[PDB]
Number of protein chains: 2
Amino acid sequence: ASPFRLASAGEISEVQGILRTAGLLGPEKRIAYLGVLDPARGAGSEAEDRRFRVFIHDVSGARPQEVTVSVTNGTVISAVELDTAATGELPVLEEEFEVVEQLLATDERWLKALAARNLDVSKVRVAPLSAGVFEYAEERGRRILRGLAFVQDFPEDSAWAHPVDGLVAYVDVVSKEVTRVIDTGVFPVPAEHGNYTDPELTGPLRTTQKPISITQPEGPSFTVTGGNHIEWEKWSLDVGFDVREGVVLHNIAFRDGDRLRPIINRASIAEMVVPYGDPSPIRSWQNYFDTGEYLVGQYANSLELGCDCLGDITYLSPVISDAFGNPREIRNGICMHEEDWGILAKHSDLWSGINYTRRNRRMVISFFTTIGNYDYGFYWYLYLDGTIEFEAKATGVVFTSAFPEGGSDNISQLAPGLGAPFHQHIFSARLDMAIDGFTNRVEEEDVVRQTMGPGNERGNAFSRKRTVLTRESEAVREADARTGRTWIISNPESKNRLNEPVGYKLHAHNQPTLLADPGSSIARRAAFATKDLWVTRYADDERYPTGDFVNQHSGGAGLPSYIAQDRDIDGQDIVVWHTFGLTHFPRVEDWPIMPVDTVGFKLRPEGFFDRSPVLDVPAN
Amino acid sequence: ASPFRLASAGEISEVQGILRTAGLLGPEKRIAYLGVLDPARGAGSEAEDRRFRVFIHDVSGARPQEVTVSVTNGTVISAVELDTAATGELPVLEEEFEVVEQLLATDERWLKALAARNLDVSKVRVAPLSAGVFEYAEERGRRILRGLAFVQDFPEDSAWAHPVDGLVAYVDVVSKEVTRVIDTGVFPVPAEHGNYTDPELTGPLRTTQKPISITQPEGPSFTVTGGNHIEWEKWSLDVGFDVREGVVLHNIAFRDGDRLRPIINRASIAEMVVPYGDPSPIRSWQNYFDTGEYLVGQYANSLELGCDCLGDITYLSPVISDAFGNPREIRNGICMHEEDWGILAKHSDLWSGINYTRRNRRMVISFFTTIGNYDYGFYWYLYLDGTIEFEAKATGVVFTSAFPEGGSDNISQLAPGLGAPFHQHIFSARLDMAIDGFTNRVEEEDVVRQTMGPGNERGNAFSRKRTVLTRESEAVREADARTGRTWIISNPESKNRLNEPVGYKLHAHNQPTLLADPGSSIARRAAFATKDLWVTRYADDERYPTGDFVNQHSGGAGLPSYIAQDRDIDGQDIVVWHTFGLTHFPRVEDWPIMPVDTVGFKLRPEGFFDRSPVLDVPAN
Ligand SMILES: [Cu+2]
Ligand SMILES: [Cu+2]
Ligand code: NA
Ligand code: NA
Ligand code: NA
Ligand code: NA
């Protein structure tokens, strides 16, 4: 009955039938995106209307369409034709990936390049990558993928160990034309294999690891109702899944005595960009928008019990649409479990004689996605003490190149002749805030140093200052780790028992933001990534920091255009957008498969409660 | 047989007997510090000599002594009389704590102050705190403690809820004289209790938490030999314990194929300072050097199975000396166990068809200490992939004051009339490095942004730069989070298979350093805390960043004086000193007992291995 329930296979089948009967899903059409729309603000009328947003591609060259459908009423609400040279191309289709390798295999220029290098075309894998927007005028309004080549010596070989540098091709995947083949010179193909299951590389496996058994004899402490509604240790939330964003958290709230207190209305990772820092023309165009261009949810892994998720695991299996509108289940795509998290609070008091220890735990909601060579885990954590944390886990195989003789300022050497270009992995968290309700404001908090003098005669004092962000034009903020800068989201109309506004504090990791020149194509298309924090006024259509159609969009969409409205954000319905990321200079230890590295952020209560919220935790 | 073995009760009894027979341990003497000395450099002659360093206090006013004893040979090696006005006072003795409250109870000025506030002297607890060095000329060369008062309504009451503000006393604990009683005015004593086990405050305890059972059916994967030698998943180390520093890690090494490769010779937390930022004269002198003044090891907790340490736990019970030289066991003072740590590496490859997942684990070595109101956990972690991490966990009860009517720039309000002064918790990690041996160097690594132009026509390139620190005068470094600054410790004489020097990278949390005015007493006495990173040339006598005798030392001892030697550190035996800490603006949620907050650092391999060191981890 909940409007936030996961899409069902029956809903997706009805969307398919509605589109087909309306004449919108002929044999030349493909669904590039399908997802449920959230309830609009003011859904307190119970008049549920389950609506789906659909992007429809046409493989014959006709204009694509954006369509909204009401499953409840069985009708098409709107259908608009898209001019993609203006507003951007649709996301990349899984079926277009294989088109690239097949088309290049019959192109005389590609074959000539492979022949010069003595490579068998049957052994050459092509990584099909998004194109971006650069100097090529013929690409405007066409769907282009660019291809980089890797050699697979045998069917189980890791092709990533054998990059074919000096060679790139561009392909129009609708007209099935190879537009350009660029060959800048022959590099030796690195010869060492990278097969991390080969006993010749691993050596004998360790026999020293003894089992760690994690069980819950009475079952888990959380409950799941309505398919996706979670209650756990005073937390309440709904777990959504969207094919673009992946796991989305709705209606995060905390039961404080008799009141269910809202904290976050919607939390998601709304974009993620992987820009490469190698100036070689073979790779200087290379930027992945994993969320906006590829859709991270559709590549979610099925997670294996005991390997991917350890303990007493509860799975969700979300349903998405395939390119023809058939429902497809991602079996065991979302893991949920609780974890012991060490000591929560401890004190041994000499005067009272009381010794007190309590243990902490966290609730984990996670999924994993695989896009080509990289694998990313997305982890949301809820803690007993009111802390909310997100963590991204990056692993997989690093993207490779030749290592030039004489070295490089922009590429690490991993093995003889084998390089790995420098790059970043940058995320945007979209936090539709609802601290005790929707009237919220953001303050920037800096530590303040004080000079020795009158009123500070011993020179020990220090303080802090808070600056309210009042309008969108002043709400684009940078980190300052040296001044301990944090941001507080508070509700000026809701006070704790000390008559102070209730709030939550955002703690960033203060990692570098986008490093590219501000005049670059990627800085224009990923402007969100150039600043640590943005605050906007909520609006239904302002969903992604990069806009709706990221693929081959010329730039400026999303956050820079939203904030030009300069709206009031002082005690209003607001959205916080936090940029955070990893700057990756690959190390030898990252090869041939990379150990996990992590980045994230957290929010902690700041006078939200009237005292510690975990006094009622039992001794265990 | 190992020279790094823990001190035994028999060794400490022999030290006592050697001191007593030499005439150094009469009835007026107290042992303020006793610890084993590490082997000097070049102990490859097997000629073991177990030596102990002892600080001896005299309760009659005679000069204290520093004494070195050889248990092996049963002799006093040296005994030097100390001039404490010059080189500092000895650490505070546990038995001096109770002297303060008892002496004030019979002082007419103290009694007059308590009478004006209608407080029963029998209910007034006095926190005995270290004195520092300020404007009081009569304190030079005397052992002073300062006392702040709290009301205990009944024997099990938390006195911290009832600070008596406006009142402080100074006490000479040797002559048993109250030197000064300062009363700046009557503040109301906050009346709400802070008893976190009182059902009236906790409410009914939760019944919702189901058990999490963590067991190891075949026992743990590590072995313990010689009392304190650990082998675990290719790691090898010795776990030491010192009454001043607490847990010390020796001889950290990694078994890479057939070679035992050293990484860190000695790792410890060599100082920790808690400076308060309230300019009130009642508290503006307040700075704890928990390690150097109080000795954190002697207040280590006995850790309870299932509450403090969960899982298959192996305990060490270190032995220390009491003030008379009797051995005292800290039962179950050190926990050791391994923990599952999520996904180690994962990739699902489309081209090869191979799906691969491996799990991570870490080895945990931890202890907890309690000094007055604060409790601190010290955690060392070793990971499968070669990462070494330290984490400090801060909990306990915050130090309180009155909350002034009309507010404060330097104090948080926690409850009606109850304040908590701003403060920091700053740690110094001393890392005696031995990356593949003792010829090491430190490089500072910054991200380098590049401008769009020739050779970077698309403006996407970025790079990094490394600066070698060649002499001590240039090796005092500051964090720069915005440029991704890290430090690499490498061995220029040991190369990986790519002919690059092997190294480890230090990743800091980039939290603010000491905030006090640089002209303050605390900035002079805790100069280490004003900078993020120091590198010195190893020397036997350069043990602590604050010097040997921190209590009431006028300033400048330790790191600022060491680095004035300006020694060569480019490919030499070096020591890295890393400052890191928490800046604490107390929140309502910290009251009446504080949930854990954490800070730390980590070191990750950087071309130390020839490829990932965890390829031989089995599928589990
Ligand atoms: Cu990477
Ligand atoms: Cu604190
Ligand atoms: Na355009
Ligand atoms: Na909002
Ligand atoms: Na002095
Ligand atoms: Na060293």
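Convention: sequence-line order gives letters A, B, ...; per-chain numbering from 1. Reckoned from all heavy atoms, side chains included, excluding hydrogens, waters and symmetry mates.
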Short side-chain to backbone donor-acceptor contact, [X] and [Y], under 3.5 Å:
X        : Y        : result
B:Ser213 : A:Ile214 : no
A:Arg358 : A:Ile343 : no
B:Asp322 : B:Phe324 : yes
B:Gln152 : B:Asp157 : yes
B:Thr68  : B:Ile77  : no
A:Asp349 : A:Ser352 : yes
B:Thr21  : B:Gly17  : yes
B:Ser321 : B:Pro327 : no

- [ ] Kindly indicate whether a cation-pi arrangement holds for B:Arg362 with B:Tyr381, taking the cut-offs as under 6.0 Å to the six-membered ring centre and within 45° of the axis.
- [x] yes
Under 6.0 Å between ring centres: does that hold for [X] and [Y]?
X        : Y        : answer
B:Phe378 : B:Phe368 : no
B:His162 : B:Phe150 : no
B:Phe549 : B:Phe55  : yes
B:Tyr374 : A:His347 : no
B:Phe580 : B:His509 : no

TODO: Any chance you could lay out the ring pair (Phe, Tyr, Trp, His ring centres under 6.0 Å) test for A:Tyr356 and B:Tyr196, step after step, and finish with the verdict?
DONE: CA-CA 9 Å; A:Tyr356 175 99; B:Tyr196 37 83; 4.9 Å; yes
Could you grab the distance from atom [atom1] of [X] to atom [atom2] of [Y], nearest 0.5 Å is fine?
X        : Y        : atom1 : atom2 : result
B:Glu338 : B:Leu384 : CD    : CG    : 9.0 Å
A:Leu350 : B:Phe97  : CG    : CZ    : 9.5 Å
B:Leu237 : B:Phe222 : CG    : CZ    : 11.0 Å

Open item on the list: If the test is side-chain contact (heavy atoms from CB on, under 4.5 Å), which one of B:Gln552, B:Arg30, B:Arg143, B:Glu293 qualifies with B:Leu90?
Closed with: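 In the set B:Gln552, B:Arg30, B:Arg143, B:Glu293, the residue that makes a side-chain contact (heavy atoms from CB on, under 4.5 Å) with B:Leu90 is B:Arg143.
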Any salt bridge linking [X] with [Y]? Criterion: basic side-chain nitrogen under 4.0 Å from a carboxylate oxygen.
X        : Y        : answer
B:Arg331 : B:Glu304 : yes
B:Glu11  : B:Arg51  : no
B:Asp153 : B:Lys123 : no

Open item on the list: For B:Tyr376 and B:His425, take the angle between the two ring planes, folded into 0 to 90°, and tell me which bin it lands in: parallel under 30, tilted 30 to 60, perpendicular over 60.
Closed with: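 Ring orientation, 0 to 90° scale: perpendicular.
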Shortest non-hydrogen contact between [X] and [Y], atoms and distance:
X        : Y        : value
B:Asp49  : B:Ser70  : OD1-OG, 2.6 Å
B:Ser130 : B:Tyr288 : OG-CA, 4.4 Å
A:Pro217 : B:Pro211 : CD-O, 3.9 Å

Open item on the list: Run the ring pair (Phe, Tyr, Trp, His ring centres under 6.0 Å) test against B:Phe4 and tell me which residues pass, sequence neighbours left out.
Closed with: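 So B:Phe4 forms a ring pair (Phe, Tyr, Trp, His ring centres under 6.0 Å) with B:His250.
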Open item on the list: Quick test of your reading: applying side chain to side chain donor-acceptor pair (under 3.5 Å), list the pairs with at least one residue in residues 236-247 of chain B, sequence neighbours left out, ordered by first then second residue.
Closed with: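 As it turns out, the side chain to side chain donor-acceptor pair (under 3.5 Å) pairs with a partner in residues 236-247 of chain B, which skip direct neighbours, are B:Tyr33-B:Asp242, B:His229-B:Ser236, B:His229-B:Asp238, B:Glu231-B:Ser236, B:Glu245-B:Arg266, B:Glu245-B:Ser268.
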TODO: Step by step, work out the salt bridge (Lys or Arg N to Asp or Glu O under 4.0 Å) result for A:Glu233 and A:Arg361.
DONE: CA-CA 10 Å; A:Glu233 296 298 303; A:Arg361 31 195 74 180; over 6 Å; no
TODO: Determine, stepwise, if the pair A:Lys346 / B:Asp375 fulfils salt bridge (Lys or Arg N to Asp or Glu O under 4.0 Å).
DONE: CA-CA 7 Å; A:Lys346 182 169 170 65; B:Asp375 309 64; over 6 Å; no
